[PDB]
file my_file.cif (mmCIF, C-alpha atoms)
data_coords
#
loop_
_atom_site.group_PDB
_atom_site.id
_atom_site.type_symbol
_atom_site.label_atom_id
_atom_site.label_comp_id
_atom_site.auth_asym_id
_atom_site.auth_seq_id
_atom_site.Cartn_x
_atom_site.Cartn_y
_atom_site.Cartn_z
ATOM 1 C CA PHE A 8 59.467 140.105 110.477
ATOM 2 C CA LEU A 9 57.559 138.560 113.365
ATOM 3 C CA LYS A 10 54.743 136.045 112.956
ATOM 4 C CA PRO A 11 51.210 135.950 114.374
ATOM 5 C CA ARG A 12 49.886 133.186 116.599
ATOM 6 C CA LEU A 13 46.435 132.390 117.974
ATOM 7 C CA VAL A 14 46.910 133.793 121.469
ATOM 8 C CA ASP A 15 43.278 133.814 122.650
ATOM 9 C CA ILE A 16 39.898 132.459 121.520
ATOM 10 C CA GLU A 17 37.079 134.078 123.512
ATOM 11 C CA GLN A 18 34.059 131.849 122.945
ATOM 12 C CA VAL A 19 31.549 134.376 124.265
ATOM 13 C CA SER A 20 28.405 132.707 122.885
ATOM 14 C CA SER A 21 27.421 129.322 121.496
ATOM 15 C CA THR A 22 27.578 130.724 117.945
ATOM 16 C CA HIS A 23 29.697 133.888 117.826
ATOM 17 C CA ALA A 24 33.252 134.089 119.155
ATOM 18 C CA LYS A 25 36.466 136.106 118.861
ATOM 19 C CA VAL A 26 39.938 134.892 117.947
ATOM 20 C CA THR A 27 43.125 136.897 118.448
ATOM 21 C CA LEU A 28 46.331 136.949 116.385
ATOM 22 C CA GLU A 29 49.388 138.628 117.874
ATOM 23 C CA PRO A 30 51.939 140.041 117.213
ATOM 24 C CA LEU A 31 51.414 141.469 113.729
ATOM 25 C CA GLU A 32 53.738 143.815 111.873
ATOM 26 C CA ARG A 33 52.504 147.260 110.888
ATOM 27 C CA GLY A 34 50.401 147.094 107.744
ATOM 28 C CA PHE A 35 49.915 143.329 108.077
ATOM 29 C CA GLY A 36 46.917 143.478 110.390
ATOM 30 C CA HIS A 37 44.619 144.813 107.682
ATOM 31 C CA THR A 38 46.065 142.512 105.006
ATOM 32 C CA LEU A 39 45.644 139.331 107.040
ATOM 33 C CA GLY A 40 42.318 140.447 108.485
ATOM 34 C CA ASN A 41 40.697 141.175 105.152
ATOM 35 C CA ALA A 42 42.135 138.110 103.414
ATOM 36 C CA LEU A 43 40.894 135.885 106.239
ATOM 37 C CA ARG A 44 37.506 137.624 106.310
ATOM 38 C CA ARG A 45 36.968 137.119 102.585
ATOM 39 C CA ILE A 46 38.122 133.494 102.712
ATOM 40 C CA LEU A 47 35.918 132.732 105.726
ATOM 41 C CA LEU A 48 32.834 134.369 104.221
ATOM 42 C CA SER A 49 33.398 132.690 100.858
ATOM 43 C CA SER A 50 35.025 129.293 101.271
ATOM 44 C CA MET A 51 34.197 127.563 104.477
ATOM 45 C CA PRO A 52 32.962 123.950 104.448
ATOM 46 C CA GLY A 53 29.735 123.083 106.198
ATOM 47 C CA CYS A 54 26.775 120.702 106.223
ATOM 48 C CA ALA A 55 23.336 121.546 104.887
ATOM 49 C CA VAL A 56 19.990 119.916 104.191
ATOM 50 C CA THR A 57 19.676 119.110 100.513
ATOM 51 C CA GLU A 58 16.818 116.647 99.919
ATOM 52 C CA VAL A 59 13.705 116.016 102.015
ATOM 53 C CA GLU A 60 11.167 113.192 101.700
ATOM 54 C CA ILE A 61 7.988 113.727 103.710
ATOM 55 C CA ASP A 62 5.680 110.715 103.792
ATOM 56 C CA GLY A 63 2.464 111.759 102.075
ATOM 57 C CA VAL A 64 3.791 114.854 100.311
ATOM 58 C CA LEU A 65 4.304 114.948 96.540
ATOM 59 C CA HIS A 66 5.311 118.554 95.826
ATOM 60 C CA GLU A 67 6.278 121.561 97.916
ATOM 61 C CA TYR A 68 3.206 123.534 96.779
ATOM 62 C CA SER A 69 0.826 121.381 98.836
ATOM 63 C CA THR A 70 -0.210 121.026 102.466
ATOM 64 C CA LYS A 71 -0.517 118.175 104.944
ATOM 65 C CA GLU A 72 -3.652 117.665 107.028
ATOM 66 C CA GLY A 73 -2.532 118.288 110.597
ATOM 67 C CA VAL A 74 0.461 120.613 110.291
ATOM 68 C CA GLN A 75 0.023 124.366 110.641
ATOM 69 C CA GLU A 76 2.522 125.219 107.901
ATOM 70 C CA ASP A 77 2.744 124.633 104.179
ATOM 71 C CA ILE A 78 5.362 122.200 102.935
ATOM 72 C CA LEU A 79 7.239 125.219 101.574
ATOM 73 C CA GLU A 80 7.597 126.701 105.061
ATOM 74 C CA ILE A 81 8.746 123.322 106.390
ATOM 75 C CA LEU A 82 11.372 123.246 103.637
ATOM 76 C CA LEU A 83 12.555 126.742 104.576
ATOM 77 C CA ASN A 84 12.811 125.787 108.258
ATOM 78 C CA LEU A 85 14.802 122.690 107.286
ATOM 79 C CA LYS A 86 17.013 124.912 105.132
ATOM 80 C CA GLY A 87 17.753 126.835 108.312
ATOM 81 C CA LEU A 88 18.939 123.735 110.201
ATOM 82 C CA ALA A 89 22.392 123.575 111.808
ATOM 83 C CA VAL A 90 23.987 120.115 111.872
ATOM 84 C CA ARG A 91 27.563 118.948 112.456
ATOM 85 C CA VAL A 92 27.977 115.458 110.974
ATOM 86 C CA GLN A 93 31.378 114.147 111.995
ATOM 87 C CA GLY A 94 32.632 111.161 110.011
ATOM 88 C CA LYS A 95 30.592 111.003 106.821
ATOM 89 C CA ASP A 96 29.883 113.687 104.214
ATOM 90 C CA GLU A 97 26.321 112.551 103.484
ATOM 91 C CA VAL A 98 23.778 111.233 106.003
ATOM 92 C CA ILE A 99 20.008 110.762 106.204
ATOM 93 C CA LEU A 100 18.275 111.808 109.410
ATOM 94 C CA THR A 101 14.775 110.496 110.099
ATOM 95 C CA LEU A 102 12.254 112.695 111.912
ATOM 96 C CA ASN A 103 9.187 110.951 113.337
ATOM 97 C CA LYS A 104 6.702 112.909 115.416
ATOM 98 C CA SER A 105 3.042 112.611 116.396
ATOM 99 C CA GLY A 106 0.651 114.574 118.568
ATOM 100 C CA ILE A 107 -0.171 118.221 119.150
ATOM 101 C CA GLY A 108 2.772 120.549 119.589
ATOM 102 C CA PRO A 109 5.864 122.013 117.960
ATOM 103 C CA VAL A 110 8.319 119.771 116.131
ATOM 104 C CA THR A 111 11.731 121.021 117.213
ATOM 105 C CA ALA A 112 15.049 119.781 115.869
ATOM 106 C CA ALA A 113 15.469 117.674 119.018
ATOM 107 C CA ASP A 114 12.744 115.419 117.559
ATOM 108 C CA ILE A 115 15.278 114.175 114.991
ATOM 109 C CA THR A 116 16.492 110.658 115.738
ATOM 110 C CA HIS A 117 20.077 111.605 114.909
ATOM 111 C CA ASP A 118 22.839 109.024 114.695
ATOM 112 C CA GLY A 119 26.163 108.851 116.511
ATOM 113 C CA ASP A 120 28.038 110.797 113.839
ATOM 114 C CA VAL A 121 25.505 113.653 113.730
ATOM 115 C CA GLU A 122 25.189 116.601 116.106
ATOM 116 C CA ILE A 123 22.206 118.949 116.045
ATOM 117 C CA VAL A 124 23.575 122.103 117.659
ATOM 118 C CA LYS A 125 20.274 124.005 118.044
ATOM 119 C CA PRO A 126 17.705 121.595 119.514
ATOM 120 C CA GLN A 127 15.120 124.359 120.025
ATOM 121 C CA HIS A 128 14.909 125.079 116.274
ATOM 122 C CA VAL A 129 11.230 124.726 115.358
ATOM 123 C CA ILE A 130 10.313 123.034 112.073
ATOM 124 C CA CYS A 131 6.502 122.846 111.980
ATOM 125 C CA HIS A 132 3.570 122.710 114.383
ATOM 126 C CA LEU A 133 1.210 119.739 114.560
ATOM 127 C CA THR A 134 -2.285 120.926 115.470
ATOM 128 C CA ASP A 135 -4.288 117.673 115.372
ATOM 129 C CA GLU A 136 -4.497 115.029 118.087
ATOM 130 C CA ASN A 137 -3.845 112.283 115.500
ATOM 131 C CA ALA A 138 -1.425 113.760 112.970
ATOM 132 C CA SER A 139 2.095 112.501 112.404
ATOM 133 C CA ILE A 140 5.033 113.579 110.268
ATOM 134 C CA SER A 141 7.682 111.103 109.143
ATOM 135 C CA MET A 142 10.320 112.786 106.998
ATOM 136 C CA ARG A 143 13.762 111.816 105.701
ATOM 137 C CA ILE A 144 16.176 114.758 105.829
ATOM 138 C CA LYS A 145 19.302 114.287 103.708
ATOM 139 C CA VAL A 146 22.155 116.329 105.188
ATOM 140 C CA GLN A 147 25.321 116.532 103.134
ATOM 141 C CA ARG A 148 28.579 118.452 103.341
ATOM 142 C CA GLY A 149 29.629 121.035 100.794
ATOM 143 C CA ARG A 150 30.806 124.591 100.244
ATOM 144 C CA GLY A 151 29.249 127.926 99.366
ATOM 145 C CA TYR A 152 25.711 128.272 98.035
ATOM 146 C CA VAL A 153 24.509 125.628 95.574
ATOM 147 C CA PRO A 154 20.863 126.193 94.599
ATOM 148 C CA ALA A 155 18.599 123.273 93.784
ATOM 149 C CA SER A 156 18.037 124.615 90.253
ATOM 150 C CA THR A 157 21.673 124.015 89.245
ATOM 151 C CA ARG A 158 22.412 120.555 90.659
ATOM 152 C CA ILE A 159 22.562 117.832 87.981
ATOM 153 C CA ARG A 166 14.215 111.898 91.055
ATOM 154 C CA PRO A 167 10.886 110.295 92.115
ATOM 155 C CA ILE A 168 7.837 112.476 92.654
ATOM 156 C CA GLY A 169 8.319 112.341 96.411
ATOM 157 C CA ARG A 170 11.818 113.724 96.928
ATOM 158 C CA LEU A 171 11.817 117.513 97.305
ATOM 159 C CA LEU A 172 14.961 119.577 96.738
ATOM 160 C CA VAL A 173 15.924 122.456 99.018
ATOM 161 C CA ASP A 174 18.560 125.076 98.320
ATOM 162 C CA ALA A 175 21.696 124.263 100.287
ATOM 163 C CA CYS A 176 23.824 126.938 101.962
ATOM 164 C CA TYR A 177 26.971 125.154 103.143
ATOM 165 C CA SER A 178 28.531 128.098 104.952
ATOM 166 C CA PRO A 179 28.740 127.942 108.749
ATOM 167 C CA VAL A 180 29.870 131.556 109.183
ATOM 168 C CA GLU A 181 27.247 134.305 108.970
ATOM 169 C CA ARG A 182 29.133 137.446 110.023
ATOM 170 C CA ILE A 183 32.862 138.186 110.138
ATOM 171 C CA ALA A 184 34.421 141.373 111.477
ATOM 172 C CA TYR A 185 37.995 142.264 112.289
ATOM 173 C CA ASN A 186 39.820 144.975 114.214
ATOM 174 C CA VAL A 187 43.483 145.907 114.553
ATOM 175 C CA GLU A 188 44.827 147.475 117.725
ATOM 176 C CA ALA A 189 48.240 148.128 119.245
ATOM 177 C CA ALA A 190 49.723 145.097 120.990
ATOM 178 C CA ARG A 191 51.442 144.738 124.360
ATOM 179 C CA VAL A 192 55.091 143.859 123.757
ATOM 180 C CA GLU A 193 57.734 144.358 126.436
ATOM 181 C CA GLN A 194 59.946 146.854 124.542
ATOM 182 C CA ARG A 195 58.493 147.461 121.066
ATOM 183 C CA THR A 196 56.019 149.755 119.331
ATOM 184 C CA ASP A 197 54.198 149.783 115.977
ATOM 185 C CA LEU A 198 53.074 146.184 116.505
ATOM 186 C CA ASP A 199 49.447 145.387 115.764
ATOM 187 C CA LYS A 200 47.069 142.708 117.012
ATOM 188 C CA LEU A 201 44.193 141.318 114.953
ATOM 189 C CA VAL A 202 40.879 140.514 116.635
ATOM 190 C CA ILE A 203 38.632 138.473 114.330
ATOM 191 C CA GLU A 204 35.090 138.568 115.710
ATOM 192 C CA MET A 205 33.265 135.810 113.839
ATOM 193 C CA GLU A 206 29.681 134.593 114.077
ATOM 194 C CA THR A 207 29.022 131.048 112.895
ATOM 195 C CA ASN A 208 25.815 129.058 113.332
ATOM 196 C CA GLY A 209 27.560 126.593 115.667
ATOM 197 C CA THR A 210 28.541 123.835 113.220
ATOM 198 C CA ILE A 211 32.219 124.868 113.064
ATOM 199 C CA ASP A 212 35.064 125.650 115.478
ATOM 200 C CA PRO A 213 36.621 129.150 115.330
ATOM 201 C CA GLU A 214 40.153 127.773 115.660
ATOM 202 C CA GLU A 215 39.715 125.290 112.828
ATOM 203 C CA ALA A 216 37.907 127.986 110.829
ATOM 204 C CA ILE A 217 40.965 130.242 111.059
ATOM 205 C CA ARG A 218 43.275 127.313 110.315
ATOM 206 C CA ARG A 219 41.242 126.359 107.230
ATOM 207 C CA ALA A 220 41.214 129.964 106.009
ATOM 208 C CA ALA A 221 44.982 130.282 106.395
ATOM 209 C CA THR A 222 45.532 126.879 104.773
ATOM 210 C CA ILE A 223 43.440 127.928 101.773
ATOM 211 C CA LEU A 224 45.296 131.241 101.493
ATOM 212 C CA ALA A 225 48.714 129.562 101.644
ATOM 213 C CA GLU A 226 47.648 126.899 99.145
ATOM 214 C CA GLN A 227 46.556 129.658 96.759
ATOM 215 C CA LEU A 228 49.874 131.468 97.268
ATOM 216 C CA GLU A 229 51.708 128.220 96.452
ATOM 217 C CA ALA A 230 51.397 129.172 92.761
ATOM 218 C CA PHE A 231 54.625 131.141 93.334
ATOM 219 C CA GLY B 1045 -17.771 120.135 69.577
ATOM 220 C CA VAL B 1046 -15.529 119.167 72.511
ATOM 221 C CA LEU B 1047 -15.497 116.084 74.734
ATOM 222 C CA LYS B 1048 -13.271 116.804 77.741
ATOM 223 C CA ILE B 1049 -10.843 119.495 78.912
ATOM 224 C CA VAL B 1050 -7.685 118.721 80.895
ATOM 225 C CA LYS B 1051 -5.899 121.626 82.594
ATOM 226 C CA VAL B 1052 -2.422 121.143 84.064
ATOM 227 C CA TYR B 1053 -1.027 123.747 86.470
ATOM 228 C CA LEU B 1054 2.746 124.133 86.485
ATOM 229 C CA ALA B 1055 4.246 126.056 89.400
ATOM 230 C CA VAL B 1056 7.693 127.605 88.989
ATOM 231 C CA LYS B 1057 9.956 129.423 91.428
ATOM 232 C CA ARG B 1058 11.529 132.572 90.005
ATOM 233 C CA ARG B 1059 14.691 133.591 91.842
ATOM 234 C CA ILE B 1060 16.069 137.103 91.565
ATOM 235 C CA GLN B 1061 18.762 137.467 88.913
ATOM 236 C CA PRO B 1062 20.504 140.205 86.897
ATOM 237 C CA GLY B 1063 17.934 141.787 84.620
ATOM 238 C CA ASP B 1064 14.572 142.140 86.356
ATOM 239 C CA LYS B 1065 13.210 145.372 87.765
ATOM 240 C CA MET B 1066 13.259 146.268 91.432
ATOM 241 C CA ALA B 1067 11.676 149.436 92.724
ATOM 242 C CA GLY B 1068 10.871 151.393 95.835
ATOM 243 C CA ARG B 1069 7.729 153.284 96.788
ATOM 244 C CA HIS B 1070 9.176 156.634 95.658
ATOM 245 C CA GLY B 1071 9.542 156.076 91.921
ATOM 246 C CA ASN B 1072 13.114 154.751 92.030
ATOM 247 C CA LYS B 1073 13.109 151.765 89.679
ATOM 248 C CA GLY B 1074 16.167 149.898 88.524
ATOM 249 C CA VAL B 1075 17.400 146.757 86.838
ATOM 250 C CA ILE B 1076 19.720 144.441 88.749
ATOM 251 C CA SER B 1077 23.130 144.504 87.095
ATOM 252 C CA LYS B 1078 25.115 142.166 89.348
ATOM 253 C CA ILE B 1079 24.519 139.715 92.174
ATOM 254 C CA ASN B 1080 27.560 140.571 94.260
ATOM 255 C CA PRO B 1081 29.059 137.985 96.646
ATOM 256 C CA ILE B 1082 28.638 138.478 100.373
ATOM 257 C CA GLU B 1083 32.321 139.237 100.959
ATOM 258 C CA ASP B 1084 32.370 141.843 98.168
ATOM 259 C CA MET B 1085 29.582 144.033 99.549
ATOM 260 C CA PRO B 1086 30.402 147.018 101.776
ATOM 261 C CA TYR B 1087 30.336 146.395 105.512
ATOM 262 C CA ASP B 1088 30.278 148.567 108.621
ATOM 263 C CA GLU B 1089 32.386 148.359 111.785
ATOM 264 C CA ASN B 1090 30.332 145.402 113.064
ATOM 265 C CA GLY B 1091 31.023 143.444 109.872
ATOM 266 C CA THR B 1092 27.407 143.376 108.685
ATOM 267 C CA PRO B 1093 27.274 143.458 104.862
ATOM 268 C CA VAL B 1094 24.922 145.692 102.916
#
call {"tool": "encode", "arguments": {"input": "my_file.cif", "output": "structure tokens"}}
result
Amino acid sequence: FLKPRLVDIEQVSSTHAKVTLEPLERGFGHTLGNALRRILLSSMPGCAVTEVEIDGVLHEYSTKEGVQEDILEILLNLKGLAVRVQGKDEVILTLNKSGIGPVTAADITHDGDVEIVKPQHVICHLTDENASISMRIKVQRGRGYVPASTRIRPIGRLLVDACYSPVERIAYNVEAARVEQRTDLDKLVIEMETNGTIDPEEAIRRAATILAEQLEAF
Amino acid sequence: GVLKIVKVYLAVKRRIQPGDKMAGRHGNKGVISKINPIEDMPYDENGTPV
């Protein structure tokens, strides 16, 4: 039996990329591809917004004089925020913005150990000449989908559903490989599509580590 | 016979879950029996789940 190795990682876009595993024995391409696809889609670790504290906002079913969107829509836009905190596993970003215009993710005064990977991501639009938002966005690291209705306090802190899963779409193909004198050897192309807050190489390494650790039962 | 009335408005969010009816516009109603994980749903050649 041969063994597969990561021979190429074609980072085509900022989010979606392709990794390649080669050589693979016949009948192993599908096995490894589907096991890795299921593990990537299910069990990858990421960072997600979990709690938000806007200044003069009590509940999510209200509005703020100056912004064009309800607090619910702001919470949804924050739920769709991609962030790559590096050293910690819980951080609090502070967004301060005033004046007419969009409030992109670049308007977050992010720390050293925080990386916002999509600075153009709009959050809400300020439509008044003197209207300012000052919000505290609590980003923490987790796994899978943990809704706010299952976790576990003041009347200011709003809870958003957290989707800690960097990968959005995983596909895989198996095709004949180029070996000098050998046939019936496959090659696995895993075309993944993250949101940018994870590396494809470390994603594959984490998936394989999880699979091997599960197999370590016997 | 009354002095004052106080009305309190609770707002709840109802998420979809196994049990409640979903329908189409062509008389095809049904009751959700399972919320299947993303990796368990069928997918096409581009990997997009259903």
call {"tool": "interface_residues", "arguments": {"input": "my_file.cif", "of": "chain B", "to": "chain A", "cutoff": "12 Å", "atoms": "all atoms listed in the file", "output": "count of residues only"}}
result
22
call {"tool": "residues_near_point", "arguments": {"input": "my_file.cif", "point": "(4.9, 112.4, 96.9)", "cutoff": "6 Å", "atoms": "all atoms listed in the file", "output": "number ranges by chain"}}
result
A: 63-65, 168-169
call {"tool": "write_last_selection", "arguments": {"input": "my_file.cif", "atoms": "C-alpha atoms", "output": "PDB file, in the frame of the given file"}}
result
ATOM      1  CA  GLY A  63       2.464 111.759 102.075  1.00  0.00           C
ATOM      2  CA  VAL A  64       3.791 114.854 100.311  1.00  0.00           C
ATOM      3  CA  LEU A  65       4.304 114.948  96.540  1.00  0.00           C
ATOM      4  CA  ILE A 168       7.837 112.476  92.654  1.00  0.00           C
ATOM      5  CA  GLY A 169       8.319 112.341  96.411  1.00  0.00           C
TER       6      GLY A 169
END
call {"tool": "resolve_selection", "arguments": {"input": "my_file.cif", "expression": "the PyMOL selection byres ((chain A and resi 209) around 7)", "output": "ChimeraX atom specification"}}
result
/A:21-22,124,207-208,210-211
call {"tool": "atom_distance", "arguments": {"input": "my_file.cif", "atom1": "atom CA of residue A:15", "atom2": "atom CA of residue A:52"}}
result
23.1 Å
call {"tool": "atom_distance", "arguments": {"input": "my_file.cif", "atom1": "atom CA of residue A:153", "atom2": "atom CA of residue A:176"}}
result
6.6 Å
call {"tool": "closest_residue", "arguments": {"input": "my_file.cif", "among": "A:129, A:54, A:61, A:202", "to": "residue A:93", "atoms": "only C-alpha atoms"}}
result
A:54
call {"tool": "closest_residue", "arguments": {"input": "my_file.cif", "among": "A:166, A:104, A:140, A:38", "to": "residue A:72", "atoms": "all atoms listed in the file"}}
result
A:140
call {"tool": "residues_near_point", "arguments": {"input": "my_file.cif", "point": "(0.8, 120.4, 116.5)", "cutoff": "12 Å", "atoms": "all atoms listed in the file", "output": "PyMOL selection string"}}
result
chain A and resi 71-76+104-111+129-140
call {"tool": "axis_aligned_box", "arguments": {"input": "my_file.cif", "around": "stretch 183-200 of chain A", "padding_each_side": "4 Å", "output": "JSON"}}
result
{"center_x": 46.4, "center_y": 144.0, "center_z": 118.3, "size_x": 35.1, "size_y": 19.6, "size_z": 24.3}
call {"tool": "atom_distance", "arguments": {"input": "my_file.cif", "atom1": "atom CA of residue A:150", "atom2": "atom CA of residue A:35"}}
result
27.9 Å
call {"tool": "residues_around", "arguments": {"input": "my_file.cif", "residues": "residue A:212", "least_positions_apart": "4", "cutoff": "10 Å", "atoms": "only C-alpha atoms", "output": "list in words"}}
result
residues 18, 22, 24, 179, 207, 216, 217 and 218 of chain A
call {"tool": "resolve_selection", "arguments": {"input": "my_file.cif", "expression": "the PyMOL selection byres ((chain B and resi 1064) around 6)", "output": "PyMOL selection string"}}
result
chain B and resi 1063+1065+1075
call {"tool": "residues_around", "arguments": {"input": "my_file.cif", "residues": "residue A:177", "least_positions_apart": "6", "cutoff": "10 Å", "atoms": "all atoms listed in the file", "output": "PyMOL selection string"}}
result
chain A and resi 50-57+89+147-153
call {"tool": "resolve_selection", "arguments": {"input": "my_file.cif", "expression": "the PyMOL selection byres ((chain A and resi 30) around 7)", "output": "PDB file with C-alpha atoms, in the frame of the given file"}}
result
ATOM      1  CA  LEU A   9      57.559 138.560 113.365  1.00  0.00           C
ATOM      2  CA  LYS A  10      54.743 136.045 112.956  1.00  0.00           C
ATOM      3  CA  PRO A  11      51.210 135.950 114.374  1.00  0.00           C
ATOM      4  CA  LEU A  28      46.331 136.949 116.385  1.00  0.00           C
ATOM      5  CA  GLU A  29      49.388 138.628 117.874  1.00  0.00           C
ATOM      6  CA  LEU A  31      51.414 141.469 113.729  1.00  0.00           C
ATOM      7  CA  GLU A  32      53.738 143.815 111.873  1.00  0.00           C
ATOM      8  CA  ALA A 190      49.723 145.097 120.990  1.00  0.00           C
ATOM      9  CA  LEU A 198      53.074 146.184 116.505  1.00  0.00           C
ATOM     10  CA  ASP A 199      49.447 145.387 115.764  1.00  0.00           C
ATOM     11  CA  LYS A 200      47.069 142.708 117.012  1.00  0.00           C
TER      12      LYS A 200
END
call {"tool": "build_atoms", "arguments": {"input": "my_file.cif", "residues": "stretch 47-58 of chain A", "atoms": "N, CA, C and O atoms", "output": "PDB file, keeping the file's coordinate frame"}}
result
ATOM      1  N   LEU A  47      36.904 133.322 104.828  1.00  0.00           N
ATOM      2  CA  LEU A  47      35.918 132.732 105.726  1.00  0.00           C
ATOM      3  C   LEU A  47      34.508 132.911 105.183  1.00  0.00           C
ATOM      4  O   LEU A  47      33.724 131.958 105.145  1.00  0.00           O
ATOM      5  N   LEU A  48      34.171 134.124 104.747  1.00  0.00           N
ATOM      6  CA  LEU A  48      32.834 134.369 104.221  1.00  0.00           C
ATOM      7  C   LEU A  48      32.573 133.587 102.942  1.00  0.00           C
ATOM      8  O   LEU A  48      31.430 133.207 102.673  1.00  0.00           O
ATOM      9  N   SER A  49      33.610 133.330 102.148  1.00  0.00           N
ATOM     10  CA  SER A  49      33.398 132.690 100.858  1.00  0.00           C
ATOM     11  C   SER A  49      33.543 131.173 100.911  1.00  0.00           C
ATOM     12  O   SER A  49      32.672 130.450 100.419  1.00  0.00           O
ATOM     13  N   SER A  50      34.621 130.673 101.511  1.00  0.00           N
ATOM     14  CA  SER A  50      35.025 129.293 101.271  1.00  0.00           C
ATOM     15  C   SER A  50      35.108 128.439 102.529  1.00  0.00           C
ATOM     16  O   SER A  50      36.089 127.718 102.720  1.00  0.00           O
ATOM     17  N   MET A  51      34.113 128.504 103.372  1.00  0.00           N
ATOM     18  CA  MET A  51      34.197 127.563 104.477  1.00  0.00           C
ATOM     19  C   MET A  51      33.335 126.337 104.206  1.00  0.00           C
ATOM     20  O   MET A  51      32.280 126.439 103.574  1.00  0.00           O
ATOM     21  N   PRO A  52      33.760 125.159 104.662  1.00  0.00           N
ATOM     22  CA  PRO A  52      32.962 123.950 104.448  1.00  0.00           C
ATOM     23  C   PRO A  52      31.991 123.694 105.587  1.00  0.00           C
ATOM     24  O   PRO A  52      32.329 123.789 106.768  1.00  0.00           O
ATOM     25  N   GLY A  53      30.765 123.349 105.217  1.00  0.00           N
ATOM     26  CA  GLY A  53      29.735 123.083 106.198  1.00  0.00           C
ATOM     27  C   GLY A  53      28.813 121.968 105.763  1.00  0.00           C
ATOM     28  O   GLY A  53      29.048 121.333 104.733  1.00  0.00           O
ATOM     29  N   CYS A  54      27.773 121.708 106.546  1.00  0.00           N
ATOM     30  CA  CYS A  54      26.775 120.702 106.223  1.00  0.00           C
ATOM     31  C   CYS A  54      25.416 121.370 106.096  1.00  0.00           C
ATOM     32  O   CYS A  54      25.083 122.279 106.862  1.00  0.00           O
ATOM     33  N   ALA A  55      24.627 120.919 105.126  1.00  0.00           N
ATOM     34  CA  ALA A  55      23.336 121.546 104.887  1.00  0.00           C
ATOM     35  C   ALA A  55      22.337 120.501 104.429  1.00  0.00           C
ATOM     36  O   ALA A  55      22.723 119.478 103.854  1.00  0.00           O
ATOM     37  N   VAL A  56      21.058 120.761 104.701  1.00  0.00           N
ATOM     38  CA  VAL A  56      19.990 119.916 104.191  1.00  0.00           C
ATOM     39  C   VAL A  56      19.879 120.110 102.689  1.00  0.00           C
ATOM     40  O   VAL A  56      19.933 121.237 102.187  1.00  0.00           O
ATOM     41  N   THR A  57      19.740 119.016 101.964  1.00  0.00           N
ATOM     42  CA  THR A  57      19.676 119.110 100.513  1.00  0.00           C
ATOM     43  C   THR A  57      18.426 118.480  99.921  1.00  0.00           C
ATOM     44  O   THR A  57      17.829 119.055  99.010  1.00  0.00           O
ATOM     45  N   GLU A  58      18.004 117.322 100.421  1.00  0.00           N
ATOM     46  CA  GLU A  58      16.818 116.647  99.919  1.00  0.00           C
ATOM     47  C   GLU A  58      15.967 116.199 101.093  1.00  0.00           C
ATOM     48  O   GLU A  58      16.490 115.702 102.092  1.00  0.00           O
TER      49      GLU A  58
END
